[PDB]
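See below for coords.txt, which holds compact mmCIF, C-alpha atoms and all ligand atoms.
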# COMPACT_ATOMS: atom_id res chain seq x y z
CA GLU C 2 0.00 0.00 0.00
CA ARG C 3 1.51 3.25 -1.30
CA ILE C 4 -0.55 5.45 1.06
CA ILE C 5 0.54 3.55 4.18
CA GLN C 6 4.14 3.68 2.97
CA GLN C 7 3.87 7.46 2.51
CA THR C 8 3.11 8.08 6.20
CA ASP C 9 6.87 7.83 6.64
CA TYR C 10 7.18 11.18 4.79
CA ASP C 11 5.31 12.79 7.65
CA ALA C 12 7.53 11.02 10.19
CA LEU C 13 10.70 12.12 8.36
CA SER C 14 9.43 15.72 7.97
CA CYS C 15 8.82 15.82 11.74
CA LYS C 16 12.30 14.39 12.47
CA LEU C 17 13.97 16.91 10.18
CA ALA C 18 11.99 19.85 11.62
CA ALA C 19 12.98 18.92 15.15
CA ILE C 20 16.66 18.67 14.14
CA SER C 21 16.59 21.90 12.14
CA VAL C 22 15.21 23.87 15.09
CA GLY C 23 17.48 22.02 17.53
CA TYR C 24 15.12 19.96 19.69
CA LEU C 25 17.21 17.00 18.58
CA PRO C 26 19.83 15.80 19.06
CA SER C 27 19.40 15.77 22.83
CA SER C 28 22.89 14.65 23.79
CA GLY C 29 21.97 13.79 27.43
CA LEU C 30 18.85 11.70 26.78
CA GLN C 31 20.15 10.16 23.53
CA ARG C 32 23.55 9.61 25.19
CA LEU C 33 25.42 11.18 22.26
CA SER C 34 29.03 12.33 22.30
CA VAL C 35 30.22 15.61 20.91
CA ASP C 36 31.09 13.94 17.59
CA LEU C 37 27.95 11.79 17.34
CA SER C 38 25.71 14.79 18.15
CA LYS C 39 27.23 16.57 15.14
CA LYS C 40 26.95 13.43 12.97
CA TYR C 41 23.33 12.96 14.01
CA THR C 42 22.48 16.33 12.43
CA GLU C 43 24.79 15.78 9.41
CA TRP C 44 23.39 12.33 8.62
CA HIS C 45 19.84 13.56 8.65
CA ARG C 46 20.64 16.64 6.57
CA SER C 47 22.33 14.38 4.04
CA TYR C 48 19.31 12.04 3.98
CA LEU C 49 17.08 14.95 2.98
CA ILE C 50 19.35 16.18 0.18
CA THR C 51 19.77 12.62 -1.08
CA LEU C 52 16.02 12.05 -0.97
CA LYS C 53 15.75 15.03 -3.38
CA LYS C 54 18.05 13.25 -5.86
CA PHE C 55 15.77 10.18 -5.80
CA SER C 56 12.30 11.71 -5.79
CA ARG C 57 11.01 15.21 -6.53
CA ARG C 58 7.59 14.23 -5.18
CA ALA C 59 8.76 12.84 -1.85
CA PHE C 60 11.22 15.69 -1.30
CA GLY C 61 8.46 18.21 -2.03
CA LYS C 62 6.13 16.67 0.54
CA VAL C 63 8.83 16.43 3.17
CA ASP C 64 10.23 19.87 2.47
CA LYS C 65 6.88 21.69 2.66
CA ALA C 66 5.77 19.88 5.86
CA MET C 67 9.12 20.38 7.60
CA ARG C 68 9.25 24.15 7.03
CA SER C 69 5.59 24.54 8.16
CA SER C 70 6.02 22.57 11.41
CA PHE C 71 4.58 24.12 14.54
CA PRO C 72 6.24 23.98 18.00
CA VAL C 73 3.58 21.67 19.38
CA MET C 74 4.49 19.15 16.70
CA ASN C 75 8.20 19.55 17.37
CA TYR C 76 7.64 18.82 21.07
CA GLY C 77 5.78 15.69 20.02
CA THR C 78 8.61 14.51 17.85
CA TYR C 79 11.10 15.24 20.59
CA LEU C 80 9.14 13.28 23.19
CA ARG C 81 8.57 10.34 20.80
CA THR C 82 12.26 10.11 19.93
CA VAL C 83 13.87 10.55 23.40
CA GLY C 84 11.21 8.34 24.97
CA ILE C 85 11.98 5.47 22.68
CA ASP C 86 15.73 6.11 22.84
CA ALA C 87 15.77 6.22 26.65
CA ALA C 88 14.20 2.69 26.68
CA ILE C 89 16.60 1.36 24.05
CA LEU C 90 19.68 2.74 25.74
CA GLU C 91 18.92 1.36 29.22
CA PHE C 92 18.63 -2.11 27.69
CA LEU C 93 21.74 -1.84 25.47
CA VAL C 94 23.82 -0.63 28.40
CA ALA C 95 22.68 -3.60 30.48
CA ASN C 96 22.98 -6.15 27.64
CA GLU C 97 26.07 -5.62 25.58
CA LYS C 98 25.25 -8.28 22.96
CA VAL C 99 21.78 -7.47 21.67
CA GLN C 100 19.81 -7.50 18.44
CA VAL C 101 17.36 -4.71 17.50
CA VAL C 102 14.51 -5.36 15.08
CA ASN C 103 12.88 -2.18 13.80
CA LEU C 104 9.46 -3.05 12.39
CA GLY C 105 8.18 -0.56 9.83
CA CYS C 106 11.38 1.44 10.08
CA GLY C 107 10.74 3.90 7.25
CA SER C 108 13.49 6.56 7.18
CA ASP C 109 14.61 6.02 10.81
CA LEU C 110 18.34 6.72 11.29
CA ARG C 111 18.73 5.83 14.98
CA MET C 112 20.85 2.79 14.02
CA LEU C 113 23.64 5.08 12.77
CA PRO C 114 24.74 6.36 16.23
CA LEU C 115 23.63 3.14 18.01
CA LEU C 116 25.86 0.87 15.89
CA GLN C 117 28.79 3.13 16.66
CA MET C 118 27.97 3.39 20.37
CA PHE C 119 27.49 -0.34 20.99
CA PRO C 120 30.15 -2.58 19.37
CA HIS C 121 28.15 -5.78 19.88
CA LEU C 122 24.78 -4.46 18.68
CA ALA C 123 23.21 -6.03 15.57
CA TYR C 124 20.35 -4.13 13.99
CA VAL C 125 17.71 -5.15 11.50
CA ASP C 126 15.53 -2.62 9.57
CA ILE C 127 12.33 -3.99 8.03
CA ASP C 128 9.74 -2.29 5.82
CA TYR C 129 7.86 -2.82 2.57
CA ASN C 130 9.96 -3.49 -0.51
CA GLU C 131 9.28 -0.08 -2.10
CA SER C 132 10.22 1.71 1.13
CA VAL C 133 13.44 -0.23 1.80
CA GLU C 134 14.51 0.13 -1.86
CA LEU C 135 14.33 3.90 -1.45
CA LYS C 136 16.22 3.83 1.88
CA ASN C 137 18.88 1.58 0.35
CA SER C 138 19.31 3.98 -2.57
CA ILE C 139 19.72 6.92 -0.22
CA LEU C 140 22.10 5.22 2.23
CA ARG C 141 24.40 4.07 -0.55
CA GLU C 142 24.31 7.29 -2.64
CA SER C 143 25.29 9.67 0.18
CA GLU C 144 29.00 9.51 1.00
CA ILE C 145 28.58 10.29 4.70
CA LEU C 146 25.76 7.73 5.06
CA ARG C 147 27.84 5.11 3.18
CA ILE C 148 30.76 5.74 5.59
CA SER C 149 28.49 5.49 8.61
CA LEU C 150 27.48 1.91 7.73
CA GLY C 151 30.51 0.65 5.79
CA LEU C 152 28.59 0.39 2.50
CA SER C 153 29.59 0.05 -1.12
CA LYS C 154 28.03 2.48 -3.55
CA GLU C 155 26.88 -0.61 -5.48
CA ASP C 156 24.01 -2.93 -4.43
CA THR C 157 26.14 -5.92 -3.43
CA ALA C 158 23.64 -7.68 -1.14
CA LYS C 159 21.83 -10.81 -2.19
CA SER C 160 18.18 -11.57 -1.50
CA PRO C 161 16.62 -11.45 0.97
CA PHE C 162 18.52 -8.26 1.94
CA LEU C 163 19.15 -4.89 0.33
CA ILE C 164 21.91 -4.22 2.90
CA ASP C 165 23.71 -7.08 4.67
CA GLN C 166 26.67 -5.31 6.08
CA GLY C 167 27.89 -6.94 9.23
CA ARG C 168 25.90 -5.68 12.19
CA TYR C 169 23.27 -3.94 10.03
CA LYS C 170 20.64 -5.46 7.76
CA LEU C 171 17.90 -3.78 5.67
CA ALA C 172 15.22 -6.17 4.39
CA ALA C 173 11.90 -6.02 2.57
CA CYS C 174 8.94 -7.65 4.22
CA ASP C 175 5.19 -7.30 4.42
CA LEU C 176 4.64 -7.56 8.17
CA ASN C 177 0.98 -8.46 7.56
CA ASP C 178 2.37 -11.78 6.25
CA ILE C 179 3.55 -13.82 9.22
CA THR C 180 5.16 -16.56 7.11
CA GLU C 181 7.31 -14.01 5.24
CA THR C 182 8.10 -12.31 8.53
CA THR C 183 9.17 -15.48 10.35
CA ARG C 184 11.21 -16.67 7.37
CA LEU C 185 13.03 -13.31 7.35
CA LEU C 186 13.68 -13.28 11.08
CA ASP C 187 15.08 -16.83 10.89
CA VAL C 188 17.97 -15.65 8.70
CA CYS C 189 18.85 -12.41 10.48
CA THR C 190 18.36 -13.06 14.22
CA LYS C 191 18.97 -15.78 16.79
CA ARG C 192 16.48 -16.94 19.41
CA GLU C 193 18.93 -16.69 22.35
CA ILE C 194 20.27 -13.15 21.87
CA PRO C 195 18.62 -10.41 23.92
CA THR C 196 16.32 -8.60 21.52
CA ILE C 197 14.77 -5.17 21.30
CA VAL C 198 11.71 -4.95 19.06
CA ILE C 199 10.66 -1.44 17.91
CA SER C 200 7.26 -0.57 16.49
CA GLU C 201 7.08 3.18 16.12
CA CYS C 202 3.85 4.19 14.41
CA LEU C 203 3.63 0.79 12.69
CA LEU C 204 0.86 -1.15 14.46
CA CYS C 205 -1.73 1.67 14.14
CA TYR C 206 -1.93 0.95 10.40
CA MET C 207 -2.70 -2.76 10.89
CA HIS C 208 -5.85 -4.70 11.52
CA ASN C 209 -5.99 -6.32 14.90
CA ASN C 210 -5.51 -9.89 13.65
CA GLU C 211 -2.30 -8.89 11.87
CA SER C 212 -0.89 -6.84 14.72
CA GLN C 213 -1.74 -9.49 17.33
CA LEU C 214 -0.26 -12.38 15.42
CA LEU C 215 2.86 -10.26 14.88
CA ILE C 216 3.18 -9.52 18.59
CA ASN C 217 2.47 -13.10 19.67
CA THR C 218 4.80 -14.68 17.11
CA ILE C 219 7.74 -12.39 17.77
CA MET C 220 7.47 -12.61 21.61
CA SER C 221 7.34 -16.42 21.25
CA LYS C 222 10.43 -16.42 19.01
CA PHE C 223 12.94 -14.72 21.32
CA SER C 224 13.89 -15.93 24.81
CA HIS C 225 14.73 -12.54 26.24
CA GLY C 226 13.14 -9.37 24.89
CA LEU C 227 11.99 -5.81 25.21
CA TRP C 228 9.28 -4.49 22.88
CA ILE C 229 9.07 -0.70 22.59
CA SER C 230 5.89 0.45 20.90
CA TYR C 231 4.71 3.99 20.18
CA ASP C 232 1.30 4.79 18.66
CA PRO C 233 -1.72 7.06 19.01
CA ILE C 234 -4.83 6.15 21.05
CA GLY C 235 -8.39 7.26 20.34
CA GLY C 236 -8.96 8.62 23.84
CA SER C 237 -11.20 7.26 26.64
CA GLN C 238 -12.56 10.25 28.66
CA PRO C 239 -16.14 11.05 27.56
CA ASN C 240 -16.79 13.70 24.94
CA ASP C 241 -13.31 13.11 23.52
CA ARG C 242 -13.59 13.35 19.75
CA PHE C 243 -9.83 12.93 19.05
CA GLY C 244 -10.05 9.40 17.65
CA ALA C 245 -13.23 9.97 15.64
CA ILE C 246 -11.76 13.17 14.23
CA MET C 247 -8.42 11.56 13.34
CA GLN C 248 -10.05 8.59 11.59
CA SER C 249 -12.36 10.87 9.59
CA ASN C 250 -9.48 13.27 8.81
CA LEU C 251 -7.32 10.37 7.56
CA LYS C 252 -10.01 8.70 5.39
CA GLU C 253 -11.34 11.93 3.86
CA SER C 254 -7.94 13.58 3.28
CA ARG C 255 -5.75 10.59 2.43
CA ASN C 256 -7.81 7.38 2.15
CA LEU C 257 -5.82 6.06 5.13
CA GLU C 258 -7.05 3.90 8.04
CA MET C 259 -6.04 3.34 11.64
CA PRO C 260 -8.22 0.31 12.26
CA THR C 261 -7.73 -0.21 16.02
CA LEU C 262 -7.44 3.43 17.18
CA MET C 263 -10.86 3.31 18.90
CA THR C 264 -10.48 -0.32 19.99
CA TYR C 265 -7.32 0.54 21.90
CA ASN C 266 -8.47 3.96 23.05
CA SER C 267 -6.69 3.99 26.42
CA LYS C 268 -3.09 3.25 27.39
CA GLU C 269 -4.35 0.30 29.47
CA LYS C 270 -6.27 -1.31 26.58
CA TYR C 271 -3.24 -0.76 24.32
CA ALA C 272 -0.85 -2.42 26.77
CA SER C 273 -3.14 -5.45 27.14
CA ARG C 274 -2.02 -6.59 23.68
CA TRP C 275 1.30 -7.59 25.32
CA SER C 276 -0.36 -9.25 28.33
CA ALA C 277 1.59 -12.53 27.67
CA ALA C 278 4.69 -10.57 28.83
CA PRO C 279 5.02 -10.40 32.64
CA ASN C 280 6.51 -6.89 32.72
CA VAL C 281 4.45 -4.28 30.87
CA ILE C 282 4.73 -0.53 31.37
CA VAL C 283 2.78 2.13 29.54
CA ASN C 284 2.75 5.93 29.70
CA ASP C 285 1.26 8.67 27.57
CA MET C 286 3.70 11.22 26.24
CA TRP C 287 2.54 14.00 28.59
CA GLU C 288 3.44 11.71 31.51
CA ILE C 289 6.83 11.24 29.84
CA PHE C 290 7.21 15.01 29.43
CA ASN C 291 6.55 15.65 33.11
CA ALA C 292 8.37 12.69 34.71
CA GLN C 293 11.29 11.68 32.38
CA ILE C 294 12.42 14.93 30.81
CA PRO C 295 14.80 16.75 33.23
CA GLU C 296 14.10 20.40 34.02
CA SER C 297 17.34 21.26 32.16
CA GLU C 298 15.76 19.88 28.96
CA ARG C 299 12.47 21.73 29.41
CA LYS C 300 14.43 24.95 29.79
CA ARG C 301 16.52 24.18 26.69
CA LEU C 302 13.45 23.56 24.56
CA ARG C 303 11.90 26.82 25.84
CA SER C 304 14.95 28.59 24.42
CA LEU C 305 14.28 27.34 20.83
CA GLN C 306 10.71 28.34 20.03
CA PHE C 307 7.60 29.70 21.70
CA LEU C 308 5.25 27.02 22.94
CA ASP C 309 2.43 29.46 23.62
CA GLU C 310 -0.22 26.75 24.29
CA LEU C 311 0.95 24.17 26.78
CA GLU C 312 -2.58 22.80 27.38
CA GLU C 313 -2.90 22.11 23.64
CA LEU C 314 0.37 20.19 23.86
CA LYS C 315 -1.08 18.18 26.74
CA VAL C 316 -4.33 17.44 24.95
CA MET C 317 -2.35 16.09 21.99
CA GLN C 318 0.30 14.15 23.87
CA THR C 319 -2.14 12.33 26.14
CA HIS C 320 -3.20 10.65 22.87
CA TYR C 321 0.26 9.15 22.18
CA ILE C 322 1.69 6.34 24.25
CA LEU C 323 4.96 4.52 24.82
CA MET C 324 4.58 0.85 25.76
CA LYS C 325 7.52 -1.21 27.09
CA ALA C 326 6.97 -4.98 27.42
CA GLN C 327 9.76 -7.24 28.70
CA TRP C 328 9.90 -11.04 28.87
CA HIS C 329 12.45 -13.79 29.44
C1 LIG W 1 4.28 6.37 10.13
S1 LIG W 1 5.62 5.51 9.28
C2 LIG W 1 6.77 5.27 10.66
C3 LIG W 1 8.22 5.03 10.26
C4 LIG W 1 9.25 4.99 11.38
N1 LIG W 1 9.01 3.82 12.23
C5 LIG W 1 9.25 6.26 12.20
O1 LIG W 1 8.59 6.28 13.25
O2 LIG W 1 9.92 7.26 11.85
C6 LIG W 1 4.92 3.83 9.15
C7 LIG W 1 5.88 2.85 8.50
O3 LIG W 1 5.41 1.52 8.70
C8 LIG W 1 5.53 0.81 7.49
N2 LIG W 1 4.54 -0.27 7.38
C9 LIG W 1 3.20 -0.19 7.61
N3 LIG W 1 2.65 -1.41 7.42
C10 LIG W 1 3.63 -2.24 7.03
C11 LIG W 1 3.66 -3.58 6.70
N4 LIG W 1 2.52 -4.32 6.65
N5 LIG W 1 4.88 -4.12 6.36
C12 LIG W 1 6.06 -3.40 6.41
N6 LIG W 1 6.02 -2.07 6.74
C13 LIG W 1 4.83 -1.52 7.04
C14 LIG W 1 5.26 1.87 6.43
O4 LIG W 1 5.68 1.51 5.11
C15 LIG W 1 5.98 3.08 7.00
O5 LIG W 1 7.35 3.19 6.59
Step by step, read the file and then write its structure as structure tokens.
Amino acid sequence: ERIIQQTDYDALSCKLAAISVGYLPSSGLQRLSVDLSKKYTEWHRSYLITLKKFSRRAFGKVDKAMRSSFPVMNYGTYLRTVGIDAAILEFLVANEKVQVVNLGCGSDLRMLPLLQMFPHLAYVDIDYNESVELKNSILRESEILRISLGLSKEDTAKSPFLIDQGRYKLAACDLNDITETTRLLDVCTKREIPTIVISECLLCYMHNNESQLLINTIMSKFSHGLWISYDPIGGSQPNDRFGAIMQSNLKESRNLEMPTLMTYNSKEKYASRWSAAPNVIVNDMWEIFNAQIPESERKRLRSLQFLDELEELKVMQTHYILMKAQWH
């Protein structure tokens, strides 16, 4: 599905806006060095310019959305990114030899600093064929991105990978197809290695059968895991139109669906999908803003742009959640 694939352009636009303004990198929360903080910005800037070489249409969409980004949206992107990263980093620090599987990775570049930071990390990026082909093109065309992953300019990887370069793999898969998915995982991961699974704005685009089988199958496949999921929720308090409005706005405007947004309309309902894991934690992103962001960071962000409407930020961010499920 082209339309589902193109939701990544929004995610990338948001990432680039946050970096351009300076919300990210957050060197404390993302545990970046002086050099990697610089590279973080450089890598993303290069991605954008390289995207332009490969697609006028995609660049246009990203470019226009990124320059029109509002502060409330930038705070969202910041919270989403440092929330996920904080969870990843705690686990990688504790477990030196680990494998990360990023499900529906789109244009995500968090592997670039992570692979440098953690010598025994192995990382697998998975998305639809058309999406990974574009990412592969970009990563190999840009000199600084090539250097960051040790890539040849040429496509030297053999099916089933587009990149198969040591501790990093990029592979096409339709994650609605569990047989394809398990066959892929069988040749790029091992059962016994501690595993982080990432689903950042992936599961919201799936029907419940597909998302549940994906969760159940992948938790069954690895002995020792942490699943970090980020997604919107419809909202549970009465007279909360957020979910209804979002679904209507997405169908009307873009012919896009979020099939379980109203089903899993609270953080509790959402987290229940991982109830086979013994250790499940869920917070909305306002809770993250108030309890996990240090005061030093709130002050920094206040220096970048005016957030004139803090309540509006709250109303939005209570509709995004970060779920951490751990099993062994
Ligand atoms: C909103 S984007 C998020 C991308 C990235 N995780 C991020 O947060 O920046 C959703 C991504 O999930 C991918 N996706 C959705 N359904 C998929 C499926 N059935 N198989 C593989 N990828 C899928 C899309 O192609 C897209 O790149």
Checklist line | Residue among C:211, C:198, C:302, C:237 lying closest to residue 269 in chain C, counting only C-alpha atoms | finding: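 Under the stated criterion, the closest residue is C:237.
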Report as CSV the residues of chain C within 9 Å of ligand LIG 1 (chain W), each with its shortest atom pair and distance in Å (one decimal), using only C-alpha atoms and all ligand atoms, ordered by chain and increasing residue number.
residue,atom,partner,partner_atom,distance
C:2,CA,W:LIG1,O4,7.8
C:3,CA,W:LIG1,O4,7.8
C:4,CA,W:LIG1,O4,8.4
C:5,CA,W:LIG1,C14,5.5
C:6,CA,W:LIG1,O4,3.4
C:7,CA,W:LIG1,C15,6.6
C:8,CA,W:LIG1,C1,4.4
C:9,CA,W:LIG1,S1,3.7
C:10,CA,W:LIG1,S1,7.4
C:11,CA,W:LIG1,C1,7.0
C:12,CA,W:LIG1,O2,4.8
C:13,CA,W:LIG1,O2,6.0
C:15,CA,W:LIG1,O2,8.6
C:16,CA,W:LIG1,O2,7.5
C:81,CA,W:LIG1,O1,8.6
C:82,CA,W:LIG1,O1,8.5
C:103,CA,W:LIG1,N1,7.3
C:104,CA,W:LIG1,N6,6.7
C:105,CA,W:LIG1,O3,3.6
C:106,CA,W:LIG1,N1,4.0
C:107,CA,W:LIG1,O5,3.5
C:108,CA,W:LIG1,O2,5.9
C:109,CA,W:LIG1,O2,5.0
C:110,CA,W:LIG1,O2,8.5
C:127,CA,W:LIG1,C12,6.5
C:128,CA,W:LIG1,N6,3.8
C:129,CA,W:LIG1,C12,4.3
C:130,CA,W:LIG1,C12,7.9
C:131,CA,W:LIG1,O4,8.2
C:132,CA,W:LIG1,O4,6.0
C:133,CA,W:LIG1,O5,8.5
C:173,CA,W:LIG1,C12,7.5
C:174,CA,W:LIG1,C12,5.6
C:175,CA,W:LIG1,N5,3.7
C:176,CA,W:LIG1,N5,3.9
C:177,CA,W:LIG1,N4,4.5
C:178,CA,W:LIG1,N4,7.5
C:199,CA,W:LIG1,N1,7.9
C:200,CA,W:LIG1,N1,6.4
C:201,CA,W:LIG1,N1,4.4
C:202,CA,W:LIG1,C1,4.8
C:203,CA,W:LIG1,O3,4.4
C:204,CA,W:LIG1,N3,7.3
C:205,CA,W:LIG1,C9,8.4
C:206,CA,W:LIG1,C9,5.9
C:207,CA,W:LIG1,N3,6.5
C:211,CA,W:LIG1,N4,8.4
C:231,CA,W:LIG1,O1,8.3
With the cut-off set at 9 Å and counting all atoms listed in the file, tabulate each residue of range 86-142 of chain C with an atom at most that distance from an atom of range 182-194 of chain C, showing the nearest atom pair and its distance in Å to one decimal, ordered by chain and increasing number, as CSV.
residue,atom,partner,partner_atom,distance
C:98,CA,C:194,CA,7.1
C:99,CA,C:194,CA,5.9
C:100,CA,C:194,CA,6.6
C:102,CA,C:190,CA,8.7
C:123,CA,C:190,CA,8.6
C:125,CA,C:189,CA,7.4
Output, as lines of an AutoDock Vina configuration file, the centre and edge lengths in Å (one decimal) of the axis-aligned box that contains all listed atoms of range 218-222 of chain C with 4 Å of margin on each side.
center_x = 7.6
center_y = -14.4
center_z = 19.4
size_x = 13.6
size_y = 12.0
size_z = 12.5
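The space separating CA of residue 147 in chain C from CA of residue 51 in chain C comes to 11.8 Å.
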Next item on the list: Rank C:236, C:31, C:305, C:49 by their smallest atom-to-atom distance to residue 19 in chain C, using only C-alpha atoms, and report the top residue only.
Entry: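 Of the candidates, the smallest distance to residue 19 in chain C is held by C:305.
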Fill-in result for range 135-155 of chain C, N, CA, C and O atoms as a PDB file, keeping the file's coordinate frame:
ATOM      1  N   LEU C 135      13.993   2.477  -1.482  1.00  0.00           N
ATOM      2  CA  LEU C 135      14.330   3.900  -1.450  1.00  0.00           C
ATOM      3  C   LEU C 135      15.400   4.197  -0.389  1.00  0.00           C
ATOM      4  O   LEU C 135      16.345   4.915  -0.660  1.00  0.00           O
ATOM      5  N   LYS C 136      15.249   3.639   0.816  1.00  0.00           N
ATOM      6  CA  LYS C 136      16.220   3.830   1.880  1.00  0.00           C
ATOM      7  C   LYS C 136      17.600   3.337   1.450  1.00  0.00           C
ATOM      8  O   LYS C 136      18.582   4.001   1.677  1.00  0.00           O
ATOM      9  N   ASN C 137      17.648   2.154   0.846  1.00  0.00           N
ATOM     10  CA  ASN C 137      18.880   1.580   0.350  1.00  0.00           C
ATOM     11  C   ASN C 137      19.550   2.512  -0.648  1.00  0.00           C
ATOM     12  O   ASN C 137      20.749   2.738  -0.563  1.00  0.00           O
ATOM     13  N   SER C 138      18.769   3.047  -1.579  1.00  0.00           N
ATOM     14  CA  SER C 138      19.310   3.980  -2.570  1.00  0.00           C
ATOM     15  C   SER C 138      19.964   5.181  -1.896  1.00  0.00           C
ATOM     16  O   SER C 138      21.088   5.608  -2.275  1.00  0.00           O
ATOM     17  N   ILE C 139      19.252   5.732  -0.906  1.00  0.00           N
ATOM     18  CA  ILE C 139      19.720   6.920  -0.220  1.00  0.00           C
ATOM     19  C   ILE C 139      20.989   6.621   0.585  1.00  0.00           C
ATOM     20  O   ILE C 139      21.949   7.374   0.518  1.00  0.00           O
ATOM     21  N   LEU C 140      20.978   5.549   1.371  1.00  0.00           N
ATOM     22  CA  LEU C 140      22.100   5.220   2.230  1.00  0.00           C
ATOM     23  C   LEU C 140      23.383   4.981   1.440  1.00  0.00           C
ATOM     24  O   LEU C 140      24.478   5.338   1.880  1.00  0.00           O
ATOM     25  N   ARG C 141      23.239   4.402   0.259  1.00  0.00           N
ATOM     26  CA  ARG C 141      24.400   4.070  -0.550  1.00  0.00           C
ATOM     27  C   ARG C 141      24.845   5.236  -1.429  1.00  0.00           C
ATOM     28  O   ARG C 141      26.020   5.297  -1.792  1.00  0.00           O
ATOM     29  N   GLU C 142      23.938   6.146  -1.803  1.00  0.00           N
ATOM     30  CA  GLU C 142      24.310   7.290  -2.640  1.00  0.00           C
ATOM     31  C   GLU C 142      25.066   8.385  -1.883  1.00  0.00           C
ATOM     32  O   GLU C 142      25.966   9.002  -2.429  1.00  0.00           O
ATOM     33  N   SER C 143      24.674   8.646  -0.638  1.00  0.00           N
ATOM     34  CA  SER C 143      25.290   9.670   0.180  1.00  0.00           C
ATOM     35  C   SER C 143      26.620   9.176   0.702  1.00  0.00           C
ATOM     36  O   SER C 143      26.668   8.159   1.367  1.00  0.00           O
ATOM     37  N   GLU C 144      27.700   9.918   0.472  1.00  0.00           N
ATOM     38  CA  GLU C 144      29.000   9.510   1.000  1.00  0.00           C
ATOM     39  C   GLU C 144      29.036   9.378   2.521  1.00  0.00           C
ATOM     40  O   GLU C 144      29.602   8.420   3.034  1.00  0.00           O
ATOM     41  N   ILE C 145      28.458  10.329   3.247  1.00  0.00           N
ATOM     42  CA  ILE C 145      28.580  10.290   4.700  1.00  0.00           C
ATOM     43  C   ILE C 145      27.701   9.160   5.276  1.00  0.00           C
ATOM     44  O   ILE C 145      28.079   8.524   6.261  1.00  0.00           O
ATOM     45  N   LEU C 146      26.576   8.861   4.629  1.00  0.00           N
ATOM     46  CA  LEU C 146      25.760   7.730   5.060  1.00  0.00           C
ATOM     47  C   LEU C 146      26.457   6.415   4.733  1.00  0.00           C
ATOM     48  O   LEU C 146      26.448   5.489   5.568  1.00  0.00           O
ATOM     49  N   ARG C 147      27.035   6.303   3.531  1.00  0.00           N
ATOM     50  CA  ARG C 147      27.840   5.110   3.180  1.00  0.00           C
ATOM     51  C   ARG C 147      28.889   4.849   4.256  1.00  0.00           C
ATOM     52  O   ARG C 147      29.041   3.712   4.711  1.00  0.00           O
ATOM     53  N   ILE C 148      29.643   5.885   4.621  1.00  0.00           N
ATOM     54  CA  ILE C 148      30.760   5.740   5.590  1.00  0.00           C
ATOM     55  C   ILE C 148      30.228   5.276   6.940  1.00  0.00           C
ATOM     56  O   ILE C 148      30.837   4.435   7.618  1.00  0.00           O
ATOM     57  N   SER C 149      29.072   5.795   7.317  1.00  0.00           N
ATOM     58  CA  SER C 149      28.490   5.490   8.610  1.00  0.00           C
ATOM     59  C   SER C 149      28.144   4.008   8.761  1.00  0.00           C
ATOM     60  O   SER C 149      28.141   3.492   9.881  1.00  0.00           O
ATOM     61  N   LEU C 150      27.856   3.319   7.660  1.00  0.00           N
ATOM     62  CA  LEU C 150      27.480   1.910   7.730  1.00  0.00           C
ATOM     63  C   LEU C 150      28.479   0.952   7.065  1.00  0.00           C
ATOM     64  O   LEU C 150      28.259  -0.256   7.049  1.00  0.00           O
ATOM     65  N   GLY C 151      29.566   1.477   6.518  1.00  0.00           N
ATOM     66  CA  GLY C 151      30.510   0.650   5.790  1.00  0.00           C
ATOM     67  C   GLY C 151      29.984   0.081   4.479  1.00  0.00           C
ATOM     68  O   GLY C 151      30.299  -1.062   4.120  1.00  0.00           O
ATOM     69  N   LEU C 152      29.212   0.873   3.736  1.00  0.00           N
ATOM     70  CA  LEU C 152      28.590   0.390   2.500  1.00  0.00           C
ATOM     71  C   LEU C 152      29.377   0.655   1.239  1.00  0.00           C
ATOM     72  O   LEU C 152      29.994   1.701   1.107  1.00  0.00           O
ATOM     73  N   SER C 153      29.271  -0.261   0.276  1.00  0.00           N
ATOM     74  CA  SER C 153      29.590   0.050  -1.120  1.00  0.00           C
ATOM     75  C   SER C 153      28.510   0.896  -1.753  1.00  0.00           C
ATOM     76  O   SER C 153      27.324   0.800  -1.417  1.00  0.00           O
ATOM     77  N   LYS C 154      28.932   1.721  -2.698  1.00  0.00           N
ATOM     78  CA  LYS C 154      28.030   2.480  -3.550  1.00  0.00           C
ATOM     79  C   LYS C 154      27.109   1.550  -4.315  1.00  0.00           C
ATOM     80  O   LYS C 154      25.967   1.877  -4.571  1.00  0.00           O
ATOM     81  N   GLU C 155      27.630   0.382  -4.690  1.00  0.00           N
ATOM     82  CA  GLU C 155      26.880  -0.610  -5.480  1.00  0.00           C
ATOM     83  C   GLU C 155      25.998  -1.485  -4.573  1.00  0.00           C
ATOM     84  O   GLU C 155      26.304  -1.663  -3.385  1.00  0.00           O
TER      85      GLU C 155
END
